[PDB]
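Engineer: Handing over data-v6.tsv, TSV, N, CA and C atoms and all ligand atoms.
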```tsv
chain	number	residue	atom	x	y	z
A	344	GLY	N	24.41	-32.63	16.18
A	344	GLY	CA	25.08	-31.30	16.04
A	344	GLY	C	26.24	-31.14	17.01
A	345	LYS	N	27.29	-30.43	16.58
A	345	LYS	CA	28.61	-30.34	17.27
A	345	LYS	C	28.44	-29.53	18.56
A	346	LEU	N	28.62	-30.17	19.72
A	346	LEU	CA	28.50	-29.52	21.05
A	346	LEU	C	29.84	-28.87	21.40
A	347	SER	N	29.81	-27.73	22.11
A	347	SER	CA	30.98	-27.16	22.82
A	347	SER	C	31.50	-28.22	23.80
A	348	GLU	N	32.74	-28.06	24.27
A	348	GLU	CA	33.37	-28.94	25.29
A	348	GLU	C	32.46	-29.04	26.52
A	349	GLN	N	31.99	-27.89	27.01
A	349	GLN	CA	31.14	-27.82	28.23
A	349	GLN	C	29.81	-28.55	27.98
A	350	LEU	N	29.22	-28.43	26.79
A	350	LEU	CA	27.94	-29.12	26.48
A	350	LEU	C	28.17	-30.63	26.34
A	351	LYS	N	29.37	-31.07	25.93
A	351	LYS	CA	29.71	-32.51	25.92
A	351	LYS	C	29.78	-33.02	27.36
A	352	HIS	N	30.40	-32.26	28.27
A	352	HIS	CA	30.41	-32.60	29.72
A	352	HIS	C	28.97	-32.72	30.22
A	353	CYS	N	28.12	-31.76	29.87
A	353	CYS	CA	26.67	-31.76	30.22
A	353	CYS	C	26.02	-33.04	29.66
A	354	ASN	N	26.28	-33.37	28.40
A	354	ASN	CA	25.69	-34.58	27.76
A	354	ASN	C	26.16	-35.82	28.52
A	355	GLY	N	27.44	-35.87	28.91
A	355	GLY	CA	28.00	-36.98	29.71
A	355	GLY	C	27.26	-37.15	31.03
A	356	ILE	N	27.05	-36.05	31.76
A	356	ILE	CA	26.26	-36.03	33.03
A	356	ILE	C	24.86	-36.57	32.74
A	357	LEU	N	24.20	-36.07	31.69
A	357	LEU	CA	22.82	-36.49	31.32
A	357	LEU	C	22.77	-38.01	31.12
A	358	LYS	N	23.70	-38.56	30.34
A	358	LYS	CA	23.79	-40.03	30.10
A	358	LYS	C	23.94	-40.75	31.44
A	359	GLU	N	24.78	-40.24	32.34
A	359	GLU	CA	25.00	-40.88	33.67
A	359	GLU	C	23.68	-40.86	34.45
A	360	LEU	N	22.98	-39.72	34.49
A	360	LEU	CA	21.71	-39.58	35.25
A	360	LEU	C	20.68	-40.59	34.72
A	361	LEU	N	20.74	-40.94	33.42
A	361	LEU	CA	19.79	-41.87	32.77
A	361	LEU	C	20.29	-43.32	32.82
A	362	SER	N	21.50	-43.57	33.33
A	362	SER	CA	22.17	-44.90	33.29
A	362	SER	C	21.62	-45.82	34.38
A	363	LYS	N	21.82	-47.13	34.21
A	363	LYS	CA	21.32	-48.18	35.15
A	363	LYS	C	21.95	-47.96	36.54
A	364	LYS	N	23.17	-47.42	36.59
A	364	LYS	CA	23.92	-47.08	37.83
A	364	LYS	C	23.02	-46.36	38.84
A	365	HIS	N	22.18	-45.43	38.38
A	365	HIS	CA	21.40	-44.51	39.25
A	365	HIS	C	19.90	-44.80	39.17
A	366	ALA	N	19.49	-45.89	38.50
A	366	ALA	CA	18.07	-46.16	38.16
A	366	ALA	C	17.21	-46.29	39.43
A	367	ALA	N	17.76	-46.79	40.55
A	367	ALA	CA	17.00	-47.05	41.79
A	367	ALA	C	16.39	-45.74	42.33
A	368	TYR	N	17.02	-44.59	42.11
A	368	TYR	CA	16.54	-43.27	42.60
A	368	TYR	C	16.26	-42.29	41.45
A	369	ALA	N	16.73	-42.55	40.23
A	369	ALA	CA	16.56	-41.61	39.08
A	369	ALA	C	15.20	-41.79	38.39
A	370	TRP	N	14.53	-42.93	38.55
A	370	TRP	CA	13.37	-43.32	37.69
A	370	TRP	C	12.21	-42.32	37.77
A	371	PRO	N	11.90	-41.68	38.93
A	371	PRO	CA	10.81	-40.70	38.97
A	371	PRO	C	11.04	-39.46	38.09
A	372	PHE	N	12.27	-39.25	37.63
A	372	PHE	CA	12.71	-38.05	36.87
A	372	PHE	C	12.92	-38.38	35.39
A	373	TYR	N	12.64	-39.62	34.98
A	373	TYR	CA	12.86	-40.11	33.59
A	373	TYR	C	11.88	-39.42	32.63
A	374	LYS	N	10.64	-39.20	33.07
A	374	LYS	CA	9.53	-38.75	32.20
A	374	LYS	C	8.75	-37.64	32.90
A	375	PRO	N	8.00	-36.80	32.15
A	375	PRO	CA	7.18	-35.76	32.76
A	375	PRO	C	6.25	-36.37	33.82
A	376	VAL	N	6.06	-35.67	34.93
A	376	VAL	CA	5.06	-36.04	35.97
A	376	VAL	C	3.69	-36.12	35.28
A	377	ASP	N	3.08	-37.30	35.28
A	377	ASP	CA	1.69	-37.51	34.78
A	377	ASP	C	0.76	-37.25	35.97
A	378	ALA	N	0.39	-35.98	36.18
A	378	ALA	CA	-0.31	-35.52	37.39
A	378	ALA	C	-1.64	-36.28	37.54
A	379	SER	N	-2.39	-36.41	36.45
A	379	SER	CA	-3.72	-37.09	36.41
A	379	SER	C	-3.57	-38.57	36.79
A	380	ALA	N	-2.61	-39.27	36.18
A	380	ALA	CA	-2.34	-40.71	36.44
A	380	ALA	C	-2.02	-40.92	37.92
A	381	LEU	N	-1.27	-40.00	38.55
A	381	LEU	CA	-0.77	-40.13	39.94
A	381	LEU	C	-1.76	-39.54	40.94
A	382	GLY	N	-2.85	-38.94	40.45
A	382	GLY	CA	-3.90	-38.31	41.29
A	382	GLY	C	-3.44	-37.01	41.93
A	383	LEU	N	-2.43	-36.36	41.34
A	383	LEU	CA	-1.85	-35.09	41.86
A	383	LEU	C	-2.53	-33.91	41.17
A	384	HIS	N	-3.81	-33.65	41.48
A	384	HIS	CA	-4.68	-32.72	40.71
A	384	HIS	C	-4.30	-31.26	41.00
A	385	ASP	N	-3.39	-31.02	41.95
A	385	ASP	CA	-2.89	-29.66	42.29
A	385	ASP	C	-1.49	-29.44	41.70
A	386	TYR	N	-0.88	-30.45	41.06
A	386	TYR	CA	0.54	-30.39	40.62
A	386	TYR	C	0.78	-29.16	39.74
A	387	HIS	N	-0.06	-28.96	38.72
A	387	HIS	CA	0.12	-27.90	37.68
A	387	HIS	C	-0.32	-26.53	38.20
A	388	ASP	N	-0.96	-26.46	39.36
A	388	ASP	CA	-1.26	-25.20	40.08
A	388	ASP	C	-0.04	-24.75	40.88
A	389	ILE	N	0.77	-25.71	41.35
A	389	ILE	CA	1.93	-25.46	42.26
A	389	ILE	C	3.20	-25.34	41.41
A	390	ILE	N	3.33	-26.18	40.38
A	390	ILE	CA	4.52	-26.27	39.48
A	390	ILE	C	4.16	-25.62	38.14
A	391	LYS	N	4.67	-24.41	37.89
A	391	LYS	CA	4.35	-23.61	36.68
A	391	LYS	C	5.25	-24.03	35.52
A	392	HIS	N	6.42	-24.61	35.80
A	392	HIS	CA	7.41	-25.02	34.76
A	392	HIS	C	7.86	-26.46	35.02
A	393	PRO	N	7.06	-27.47	34.63
A	393	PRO	CA	7.47	-28.87	34.78
A	393	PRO	C	8.77	-29.13	34.00
A	394	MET	N	9.61	-30.01	34.53
A	394	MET	CA	10.87	-30.41	33.86
A	394	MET	C	11.23	-31.83	34.29
A	395	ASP	N	11.85	-32.58	33.38
A	395	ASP	CA	12.22	-34.00	33.59
A	395	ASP	C	13.38	-34.33	32.65
A	396	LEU	N	14.04	-35.46	32.85
A	396	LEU	CA	15.26	-35.81	32.09
A	396	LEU	C	14.95	-36.10	30.61
A	397	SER	N	13.76	-36.61	30.26
A	397	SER	CA	13.38	-36.86	28.84
A	397	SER	C	13.32	-35.52	28.10
A	398	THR	N	12.81	-34.46	28.75
A	398	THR	CA	12.72	-33.10	28.17
A	398	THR	C	14.13	-32.52	28.02
A	399	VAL	N	14.98	-32.70	29.03
A	399	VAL	CA	16.40	-32.25	28.98
A	399	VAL	C	17.08	-32.96	27.81
A	400	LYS	N	16.86	-34.27	27.65
A	400	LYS	CA	17.48	-35.07	26.55
A	400	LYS	C	17.00	-34.55	25.20
A	401	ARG	N	15.69	-34.33	25.02
A	401	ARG	CA	15.12	-33.78	23.76
A	401	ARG	C	15.78	-32.44	23.44
A	402	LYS	N	15.92	-31.56	24.44
A	402	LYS	CA	16.50	-30.20	24.25
A	402	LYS	C	17.99	-30.33	23.89
A	403	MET	N	18.71	-31.27	24.50
A	403	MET	CA	20.14	-31.53	24.17
A	403	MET	C	20.22	-32.03	22.71
A	404	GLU	N	19.38	-33.00	22.34
A	404	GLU	CA	19.37	-33.61	20.98
A	404	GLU	C	19.02	-32.54	19.93
A	405	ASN	N	18.14	-31.60	20.27
A	405	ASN	CA	17.66	-30.52	19.36
A	405	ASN	C	18.64	-29.35	19.33
A	406	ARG	N	19.74	-29.41	20.09
A	406	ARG	CA	20.73	-28.30	20.24
A	406	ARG	C	20.03	-27.05	20.77
A	407	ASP	N	19.05	-27.25	21.65
A	407	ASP	CA	18.29	-26.15	22.29
A	407	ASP	C	19.23	-25.40	23.25
A	408	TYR	N	20.02	-26.11	24.06
A	408	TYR	CA	20.93	-25.50	25.06
A	408	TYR	C	22.10	-24.83	24.35
A	409	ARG	N	22.32	-23.54	24.62
A	409	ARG	CA	23.43	-22.77	24.00
A	409	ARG	C	24.66	-22.83	24.90
A	410	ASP	N	24.50	-23.15	26.19
A	410	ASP	CA	25.63	-23.22	27.15
A	410	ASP	C	25.28	-24.15	28.32
A	411	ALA	N	26.28	-24.49	29.12
A	411	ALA	CA	26.18	-25.43	30.26
A	411	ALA	C	25.20	-24.88	31.30
A	412	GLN	N	25.22	-23.57	31.53
A	412	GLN	CA	24.38	-22.87	32.54
A	412	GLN	C	22.89	-23.10	32.21
A	413	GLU	N	22.54	-23.04	30.92
A	413	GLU	CA	21.14	-23.23	30.46
A	413	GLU	C	20.71	-24.68	30.75
A	414	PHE	N	21.57	-25.65	30.44
A	414	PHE	CA	21.35	-27.08	30.75
A	414	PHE	C	21.16	-27.25	32.26
A	415	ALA	N	22.09	-26.73	33.06
A	415	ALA	CA	22.07	-26.87	34.54
A	415	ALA	C	20.78	-26.27	35.10
A	416	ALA	N	20.30	-25.16	34.54
A	416	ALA	CA	19.08	-24.47	35.01
A	416	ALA	C	17.89	-25.44	34.91
A	417	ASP	N	17.78	-26.21	33.82
A	417	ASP	CA	16.66	-27.17	33.62
A	417	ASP	C	16.79	-28.34	34.60
A	418	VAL	N	18.00	-28.88	34.80
A	418	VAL	CA	18.19	-30.02	35.74
A	418	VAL	C	17.80	-29.55	37.15
A	419	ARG	N	18.22	-28.35	37.55
A	419	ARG	CA	17.93	-27.83	38.91
A	419	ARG	C	16.45	-27.46	39.02
A	420	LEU	N	15.82	-26.96	37.95
A	420	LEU	CA	14.35	-26.70	37.91
A	420	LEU	C	13.62	-28.01	38.25
A	421	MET	N	14.03	-29.12	37.65
A	421	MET	CA	13.43	-30.46	37.88
A	421	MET	C	13.51	-30.81	39.38
A	422	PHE	N	14.67	-30.65	40.01
A	422	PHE	CA	14.85	-30.96	41.45
A	422	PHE	C	14.02	-29.97	42.28
A	423	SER	N	14.08	-28.68	41.95
A	423	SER	CA	13.35	-27.61	42.67
A	423	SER	C	11.84	-27.90	42.66
A	424	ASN	N	11.30	-28.34	41.52
A	424	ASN	CA	9.86	-28.72	41.39
A	424	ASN	C	9.54	-29.81	42.41
A	425	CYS	N	10.42	-30.80	42.52
A	425	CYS	CA	10.28	-31.93	43.47
A	425	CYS	C	10.24	-31.40	44.92
A	426	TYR	N	11.18	-30.52	45.28
A	426	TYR	CA	11.31	-29.95	46.65
A	426	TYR	C	10.13	-29.02	46.97
A	427	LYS	N	9.58	-28.34	45.96
A	427	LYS	CA	8.44	-27.41	46.15
A	427	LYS	C	7.15	-28.20	46.39
A	428	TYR	N	6.89	-29.23	45.58
A	428	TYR	CA	5.57	-29.92	45.56
A	428	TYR	C	5.45	-30.89	46.75
A	429	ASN	N	6.53	-31.61	47.07
A	429	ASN	CA	6.48	-32.82	47.93
A	429	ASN	C	6.84	-32.47	49.37
A	430	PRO	N	6.17	-33.09	50.36
A	430	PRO	CA	6.60	-32.98	51.75
A	430	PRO	C	7.99	-33.59	51.84
A	431	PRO	N	8.89	-33.04	52.68
A	431	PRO	CA	10.30	-33.46	52.68
A	431	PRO	C	10.56	-34.90	53.15
A	432	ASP	N	9.53	-35.62	53.61
A	432	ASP	CA	9.64	-37.01	54.13
A	432	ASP	C	9.16	-38.02	53.07
A	433	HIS	N	8.69	-37.58	51.90
A	433	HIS	CA	8.30	-38.48	50.79
A	433	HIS	C	9.58	-39.09	50.21
A	434	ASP	N	9.53	-40.36	49.81
A	434	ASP	CA	10.69	-41.10	49.23
A	434	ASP	C	11.22	-40.36	48.00
A	435	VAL	N	10.35	-39.73	47.21
A	435	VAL	CA	10.76	-39.05	45.94
A	435	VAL	C	11.73	-37.90	46.27
A	436	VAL	N	11.58	-37.24	47.42
A	436	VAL	CA	12.50	-36.14	47.84
A	436	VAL	C	13.87	-36.74	48.16
A	437	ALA	N	13.91	-37.86	48.89
A	437	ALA	CA	15.16	-38.60	49.20
A	437	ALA	C	15.86	-38.96	47.88
A	438	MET	N	15.09	-39.43	46.90
A	438	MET	CA	15.60	-39.86	45.57
A	438	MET	C	16.14	-38.64	44.81
A	439	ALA	N	15.42	-37.52	44.83
A	439	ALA	CA	15.85	-36.23	44.24
A	439	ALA	C	17.20	-35.80	44.85
A	440	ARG	N	17.33	-35.83	46.18
A	440	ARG	CA	18.56	-35.38	46.88
A	440	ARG	C	19.75	-36.24	46.42
A	441	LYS	N	19.54	-37.55	46.27
A	441	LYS	CA	20.61	-38.50	45.86
A	441	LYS	C	21.01	-38.23	44.40
A	442	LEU	N	20.04	-38.05	43.51
A	442	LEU	CA	20.34	-37.78	42.08
A	442	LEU	C	20.98	-36.39	41.95
A	443	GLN	N	20.56	-35.41	42.75
A	443	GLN	CA	21.13	-34.04	42.68
A	443	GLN	C	22.58	-34.07	43.18
A	444	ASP	N	22.89	-34.93	44.15
A	444	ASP	CA	24.28	-35.10	44.65
A	444	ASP	C	25.16	-35.61	43.50
A	445	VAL	N	24.67	-36.58	42.72
A	445	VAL	CA	25.39	-37.10	41.52
A	445	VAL	C	25.60	-35.93	40.55
A	446	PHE	N	24.53	-35.20	40.26
A	446	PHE	CA	24.55	-34.06	39.32
A	446	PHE	C	25.56	-33.00	39.78
A	447	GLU	N	25.41	-32.49	41.01
A	447	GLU	CA	26.17	-31.30	41.48
A	447	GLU	C	27.67	-31.63	41.49
A	448	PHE	N	28.05	-32.82	41.98
A	448	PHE	CA	29.48	-33.18	42.13
A	448	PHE	C	30.12	-33.31	40.74
A	449	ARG	N	29.43	-33.87	39.76
A	449	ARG	CA	30.01	-34.02	38.40
A	449	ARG	C	29.94	-32.69	37.63
A	450	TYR	N	28.85	-31.92	37.79
A	450	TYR	CA	28.73	-30.58	37.16
A	450	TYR	C	29.91	-29.70	37.61
A	451	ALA	N	30.33	-29.84	38.87
A	451	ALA	CA	31.41	-29.04	39.49
A	451	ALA	C	32.75	-29.32	38.79
A	452	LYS	N	32.90	-30.48	38.14
A	452	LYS	CA	34.12	-30.90	37.39
A	452	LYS	C	34.06	-30.42	35.93
A	453	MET	N	33.18	-29.47	35.61
A	453	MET	CA	33.07	-28.80	34.29
A	453	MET	C	34.47	-28.38	33.83
A	454	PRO	N	34.89	-28.73	32.59
A	454	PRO	CA	36.16	-28.23	32.06
A	454	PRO	C	36.08	-26.71	31.82
A	455	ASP	N	37.14	-25.99	32.19
A	455	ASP	CA	37.29	-24.52	31.99
A	455	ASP	C	38.08	-24.27	30.70
B	501	LIG	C1	8.92	-36.18	40.31
B	501	LIG	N1	7.87	-36.98	40.92
B	501	LIG	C2	7.12	-36.54	41.93
B	501	LIG	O1	7.20	-35.39	42.37
B	501	LIG	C3	6.18	-37.55	42.53
B	501	LIG	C4	5.24	-37.13	43.48
B	501	LIG	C5	4.43	-38.09	44.08
B	501	LIG	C6	3.41	-37.84	45.14
B	501	LIG	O2	2.49	-38.63	45.31
B	501	LIG	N2	3.58	-36.76	45.91
B	501	LIG	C7	2.57	-36.32	46.87
B	501	LIG	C8	2.64	-34.95	47.41
B	501	LIG	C9	2.99	-36.10	48.27
B	501	LIG	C10	4.58	-39.42	43.68
B	501	LIG	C11	5.52	-39.75	42.71
B	501	LIG	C12	5.73	-41.20	42.31
B	501	LIG	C13	6.11	-41.37	40.83
B	501	LIG	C14	6.70	-41.86	43.27
B	501	LIG	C15	6.27	-42.83	44.16
B	501	LIG	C16	7.14	-43.41	45.07
B	501	LIG	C17	8.47	-43.03	45.08
B	501	LIG	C18	8.92	-42.07	44.19
B	501	LIG	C19	8.04	-41.49	43.29
B	501	LIG	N3	6.31	-38.82	42.14
```
So that I can check it, write out the structure of this file as structure tokens.
Structural biologist:
Amino acid sequence: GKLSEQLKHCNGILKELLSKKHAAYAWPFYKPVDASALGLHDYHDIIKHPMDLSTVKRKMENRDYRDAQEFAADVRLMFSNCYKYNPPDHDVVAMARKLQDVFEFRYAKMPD
């Protein structure tokens, strides 16, 4: 389905976040947190709105996002979930900060 200019910029960012370029730090955000598999039995008590890049991709493919702000809200929800659940010295927080730096700097170049 035909995306607005801003949603094409969003789709471009999404492809970059999923690309081999960022795989060393992006991989924990590829798929929903499998709380049971990881032994994180408190995850769904602490995180009320799980989010990950596969869900963002499905919503982009389904034309769920009506504007760039709605897309950005889900990407930032994903990072916020990471910062809320994890102690700030866990490697996954370092990885979140690096992927969010990629996101924020390219999101800022949104066409007007
Ligand atoms: C989005 N993923 C997560 O929040 C997450 C959390 C935790 C975790 O055990 N956290 C406990 C609270 C301290 C572990 C992991 C895994 C996938 C992992 C391992 C090593 C490096 C990067 C990731 N991801």
Engineer: Considering only N, CA and C atoms, return as a PyMOL selection string whatever protein or nucleic-acid residues lie within 8 Å of region 378-389 of chain A, sequence-local ones (same chain, fewer than 4 positions apart) excluded.
Structural biologist: chain A and resi 393+424+427-428
Engineer: Per residue of chain A within 6.5 Å of ligand LIG 501 (chain B), note the shortest atom pair and the distance in Å to one decimal, counting only N, CA and C atoms and all ligand atoms, and order the rows by chain and increasing residue number, as JSON lines.
Structural biologist:
```
{"residue": "A:371", "atom": "C", "partner": "B:LIG501", "partner_atom": "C1", "distance": 4.5}
{"residue": "A:372", "atom": "N", "partner": "B:LIG501", "partner_atom": "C1", "distance": 5.3}
{"residue": "A:376", "atom": "CA", "partner": "B:LIG501", "partner_atom": "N1", "distance": 5.8}
{"residue": "A:381", "atom": "C", "partner": "B:LIG501", "partner_atom": "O2", "distance": 6.2}
{"residue": "A:424", "atom": "C", "partner": "B:LIG501", "partner_atom": "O1", "distance": 6.1}
{"residue": "A:425", "atom": "CA", "partner": "B:LIG501", "partner_atom": "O1", "distance": 4.8}
{"residue": "A:428", "atom": "C", "partner": "B:LIG501", "partner_atom": "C8", "distance": 5.0}
{"residue": "A:429", "atom": "CA", "partner": "B:LIG501", "partner_atom": "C8", "distance": 4.4}
{"residue": "A:430", "atom": "N", "partner": "B:LIG501", "partner_atom": "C9", "distance": 4.9}
{"residue": "A:433", "atom": "CA", "partner": "B:LIG501", "partner_atom": "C9", "distance": 6.3}
{"residue": "A:434", "atom": "C", "partner": "B:LIG501", "partner_atom": "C18", "distance": 4.8}
{"residue": "A:435", "atom": "CA", "partner": "B:LIG501", "partner_atom": "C18", "distance": 3.9}
{"residue": "A:436", "atom": "N", "partner": "B:LIG501", "partner_atom": "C18", "distance": 6.4}
```
Engineer: At what distance in Å, to one decimal, does atom C of residue 368 (chain A) lie from atom N of residue 439 (chain A)?
Structural biologist: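 Atom-to-atom, atom N of residue 439 (chain A) to atom C of residue 368 (chain A), that is 5.9 Å.
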Engineer: Give me, please, the distance in Å between CA of residue 432 (chain A) and CA of residue 400 (chain A), quoted to one decimal.
Structural biologist: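 Value for the CA of residue 432 (chain A)-CA of residue 400 (chain A) distance: 28.7 Å.
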Engineer: Write out as a list in words which residues come within 10 Å of residue 348 (chain A) when counting only C-alpha atoms, dropping same-chain ones fewer than 2 positions away.
Structural biologist: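 Neighbouring residues, sequence-local ones excluded: residues 345, 346, 350, 351, 352, 353, 354, 410, 411, 453, 454 and 455 of chain A.
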Engineer: Distance atom N of residue 347 (chain A)-CA of residue 391 (chain A), one decimal place?
Structural biologist: 29.6 Å
Engineer: Mind rebuilding region 405-417 of chain A with N, CA, C and O atoms and writing that out as an mmCIF file, in the coordinates of the input?
Structural biologist:
```cif
data_model
loop_
_atom_site.group_PDB
_atom_site.id
_atom_site.type_symbol
_atom_site.label_atom_id
_atom_site.label_comp_id
_atom_site.auth_asym_id
_atom_site.auth_seq_id
_atom_site.Cartn_x
_atom_site.Cartn_y
_atom_site.Cartn_z
ATOM 1 N N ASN A 405 18.140 -31.600 20.270
ATOM 2 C CA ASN A 405 17.660 -30.520 19.360
ATOM 3 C C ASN A 405 18.640 -29.350 19.330
ATOM 4 O O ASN A 405 18.363 -28.381 18.596
ATOM 5 N N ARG A 406 19.740 -29.410 20.090
ATOM 6 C CA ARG A 406 20.730 -28.300 20.240
ATOM 7 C C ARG A 406 20.030 -27.050 20.770
ATOM 8 O O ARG A 406 20.396 -25.924 20.383
ATOM 9 N N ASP A 407 19.050 -27.250 21.650
ATOM 10 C CA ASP A 407 18.290 -26.150 22.290
ATOM 11 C C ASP A 407 19.230 -25.400 23.250
ATOM 12 O O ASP A 407 19.228 -24.156 23.224
ATOM 13 N N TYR A 408 20.020 -26.110 24.060
ATOM 14 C CA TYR A 408 20.930 -25.500 25.060
ATOM 15 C C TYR A 408 22.100 -24.830 24.350
ATOM 16 O O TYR A 408 22.795 -25.502 23.573
ATOM 17 N N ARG A 409 22.320 -23.540 24.620
ATOM 18 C CA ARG A 409 23.430 -22.770 24.000
ATOM 19 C C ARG A 409 24.660 -22.830 24.900
ATOM 20 O O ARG A 409 25.767 -22.616 24.373
ATOM 21 N N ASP A 410 24.500 -23.150 26.190
ATOM 22 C CA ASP A 410 25.630 -23.220 27.150
ATOM 23 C C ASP A 410 25.280 -24.150 28.320
ATOM 24 O O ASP A 410 24.088 -24.523 28.453
ATOM 25 N N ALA A 411 26.280 -24.490 29.120
ATOM 26 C CA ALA A 411 26.180 -25.430 30.260
ATOM 27 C C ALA A 411 25.200 -24.880 31.300
ATOM 28 O O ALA A 411 24.443 -25.670 31.877
ATOM 29 N N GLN A 412 25.220 -23.570 31.530
ATOM 30 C CA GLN A 412 24.380 -22.870 32.540
ATOM 31 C C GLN A 412 22.890 -23.100 32.210
ATOM 32 O O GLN A 412 22.093 -23.335 33.139
ATOM 33 N N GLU A 413 22.540 -23.040 30.920
ATOM 34 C CA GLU A 413 21.140 -23.230 30.460
ATOM 35 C C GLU A 413 20.710 -24.680 30.750
ATOM 36 O O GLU A 413 19.594 -24.875 31.258
ATOM 37 N N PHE A 414 21.570 -25.650 30.440
ATOM 38 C CA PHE A 414 21.350 -27.080 30.750
ATOM 39 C C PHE A 414 21.160 -27.250 32.260
ATOM 40 O O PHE A 414 20.165 -27.856 32.692
ATOM 41 N N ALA A 415 22.090 -26.730 33.060
ATOM 42 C CA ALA A 415 22.070 -26.870 34.540
ATOM 43 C C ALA A 415 20.780 -26.270 35.100
ATOM 44 O O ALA A 415 20.237 -26.837 36.062
ATOM 45 N N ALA A 416 20.300 -25.160 34.540
ATOM 46 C CA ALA A 416 19.080 -24.470 35.010
ATOM 47 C C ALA A 416 17.890 -25.440 34.910
ATOM 48 O O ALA A 416 17.091 -25.479 35.861
ATOM 49 N N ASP A 417 17.780 -26.210 33.820
ATOM 50 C CA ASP A 417 16.660 -27.170 33.620
ATOM 51 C C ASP A 417 16.790 -28.340 34.600
ATOM 52 O O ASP A 417 15.761 -28.728 35.192
#
```
